[PDB]
């Protein structure tokens, strides 16, 4: 798969079996999804971006299926305008930015 960047590179991922549309983001170090409930075993974290920080709940070894791949990775949940898959998952999937 190859993504031109004319439109946002957004795909469907399944997090713990629930589908979420996510943005593939080389500018995000980690990943953060909204609207999913992952349970009580998390560590509190903060994440920053343009405009300030948000509180997040960090979850480890989450089961993800994306791009016909299956990984386990850390995901944060939080009030994010769009769901972001940062370089933590992208590296696990084997994606690169090419010119």
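Numbering follows the first chain given and starts at 1.
Across the two stretches, 33-41 and 53-61, the PDB entry reports the greater mean Cα temperature factor for 33-41.
Per the deposited coordinates, the residue with the largest Cα temperature factor out of 76, 89, 22, 15 is 15. When the CA B factors of the chain's modelled residues are split into thirds, the value for residue 99 lands in the highest one. When the modelled residues of the chain are ordered by their C-alpha B factor, residue 66 lands in the middle third.
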